[PDB]
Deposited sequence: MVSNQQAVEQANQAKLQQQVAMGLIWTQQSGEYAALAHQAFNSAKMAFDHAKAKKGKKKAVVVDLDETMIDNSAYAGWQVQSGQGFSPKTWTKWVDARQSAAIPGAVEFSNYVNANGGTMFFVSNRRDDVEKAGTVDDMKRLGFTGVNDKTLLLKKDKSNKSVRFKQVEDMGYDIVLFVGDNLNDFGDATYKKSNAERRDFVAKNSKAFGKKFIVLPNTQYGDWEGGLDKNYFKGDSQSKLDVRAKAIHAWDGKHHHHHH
């Protein structure tokens, strides 16, 4: 009873970010800004001698738009679960992020190969993923280039798989810092910020970022045991995460 009321409370907190993502011209413009940068970076990159030129991207909230699942969460008050996420994947309703299809198709048509390394499940989420990408017009999605999740959520193993196929990964695109390598994997937000500061020049050059205000490993990054707590535990952790002005508060008749 209480736990479900709190779970619903957890979903309501994403509503403004979600509205901004679904409705703002600002979000669409950040998407294009990302892909304009990616195109420029790609055009200027050279693959190592003897290597094939590759670009690696994430799918969810990078090339593909699952914001309708987040909407379902807000409305239903239910948190994420593997079972309902698979159901969403199967409803085959993903949209294209602005700029994504053009960039991806540009790469495959202009001297490079796109790889789609994603944490949708290779075991029950491939079918739906393949159908939506075909519908949206992404070229070059096959057994070679679509690397879905097996046993690990970190992407280094899959990235190395791509390289071992004879490719030089010249560019990485994503909404999660883990989409740029394992450096940030399972780290706290403060640590992930450190990684950013130390690599500040890389972004918009080798690492291309898309905004995702609904979910991600910045959520896990809030506390080492964030997901081991119940919904009240999560609410407390979230509240603690905010920094607030004191308000600058004498008066009487």
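Asker: What are the C-alpha gaps when you align the coordinates back onto the deposited sequence?
Answerer: Deposited residues absent from the model fall in 1-6, 256.
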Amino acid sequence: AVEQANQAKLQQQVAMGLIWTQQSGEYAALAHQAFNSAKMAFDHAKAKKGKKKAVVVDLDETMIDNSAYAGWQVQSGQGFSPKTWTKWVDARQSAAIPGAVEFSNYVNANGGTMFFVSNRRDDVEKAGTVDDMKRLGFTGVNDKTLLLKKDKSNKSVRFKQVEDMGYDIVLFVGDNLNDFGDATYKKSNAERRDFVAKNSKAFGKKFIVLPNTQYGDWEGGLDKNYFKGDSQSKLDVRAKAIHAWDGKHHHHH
From here on, numbers count along this sequence of modelled residues.
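Asker: Could you check the entry and say whether 104-112 or 170-178 has the higher mean CA B-factor?
Answerer: Going by the record's values, the stretch with the higher mean is 104-112.
Asker: Mean CA B-factor: is it higher for 232-240 or for 18-26?
Answerer: Looking at the record's C-alpha B-factors, the answer is 232-240.
Asker: Among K224, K206, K39, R192, single out the one with the highest C-alpha B factor in the record, please.
Answerer: In this record, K224 carries the highest C-alpha B-factor of the candidates.
Asker: Lowest, middle or highest third: where is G50 by Cα B-factor in its chain?
Answerer: Answer is highest: the recorded C-alpha B-factor places it there.
Asker: Determine, from the deposited record, the chain-internal third of the Cα B-factor for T145: lowest, middle or highest.
Answerer: Its C-alpha B-factor belongs to the highest third of this chain's values.
Asker: If you rank the chain by CA B-factor, which third does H44 end up in: lowest, middle or highest?
Answerer: As the PDB entry reports it, the C-alpha B-factor of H44 lands in the highest third of its chain.
Asker: Split the chain's modelled residues into thirds by Cα B-factor; is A96 in the lowest, middle or highest one?
Answerer: Answer is lowest: the recorded C-alpha B-factor places it there.
Asker: Would the CA B-factor of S118 place it in the lowest, middle or highest third of its chain?
Answerer: Answer is lowest: the recorded C-alpha B-factor places it there.
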